[PDB]
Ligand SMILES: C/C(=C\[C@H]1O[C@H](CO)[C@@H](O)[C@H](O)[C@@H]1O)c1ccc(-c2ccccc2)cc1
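This document opens with one chain alone, in structure tokens, the form solved without this ligand.
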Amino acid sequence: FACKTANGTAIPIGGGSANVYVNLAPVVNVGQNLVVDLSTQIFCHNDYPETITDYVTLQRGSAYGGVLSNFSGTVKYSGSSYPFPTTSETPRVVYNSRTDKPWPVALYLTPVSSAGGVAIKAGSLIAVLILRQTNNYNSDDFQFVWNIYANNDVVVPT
């Protein structure tokens, strides 16, 4: 009952943190719709599909870099739509899949007014999300930190 990134950071049960690296469109102008799709960057797996119910929730999310400043939008989780960075957590979501399934999260951050040129830097921390692993059996509710990094630098032609 653990989760892994697209780079290869598998976080075992017990809590931990990974560094996810997401590539965003390097061209995003004021009024665009940029989406940090993490469903292609993060994947969770329930190694105990019979022993543990597959359940996950984003505890909280935080924004940084140009994401919090040059960008603005919202954050999405399993088809949710809440402000980013959030103030609490996400809806209750069950994984109906006993295999490595992508983590349905996306940070919709779009260039405000104060966006222009290099807005996102590759290798730089852009956000921090934390996922709650909780189950009905063991109740080993550990949480995994998902440091969202830019896989690619983004420029705002505006």
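Numbering starts at 1 and runs along the sequence shown.
If you look for the form deposited with this ligand bound, you will not find it shown, but the lines that follow are about it.
Colleague: Which residue, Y108, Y64, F43, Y48, is the contact with this ligand in the entry with it bound, using a 4.5 Å heavy atom cutoff?
Modeller: By the 4.5 Å heavy-atom cutoff, the listed residue in contact is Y48.
Colleague: With this ligand left out of view, which of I130, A122, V35, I52 would have a heavy atom within 4.5 Å of it in the entry with it bound?
Modeller: So the residue touching this ligand in the entry with it bound, by this definition, is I52.
Colleague: Decide whether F142 counts as a contact residue for this ligand in the entry with it bound under a heavy atom distance cut-off of 4.5 Å.
Modeller: Contact check for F142: yes, within 4.5 Å of this ligand in the entry with it bound.
Colleague: Indicate whether this ligand has at least one heavy atom within 4.5 Å of a heavy atom of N135 in the entry with it bound.
Modeller: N135 belongs to the contact set for this ligand.
Colleague: Scan 1-40 and note down the residues that get a heavy atom within 4.5 Å of this ligand in the entry with it bound; none is a fine answer too.
Modeller: Going through 1-40 in order - heavy atoms within 4.5 Å of this ligand in the entry with it bound - the hits are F1, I13.
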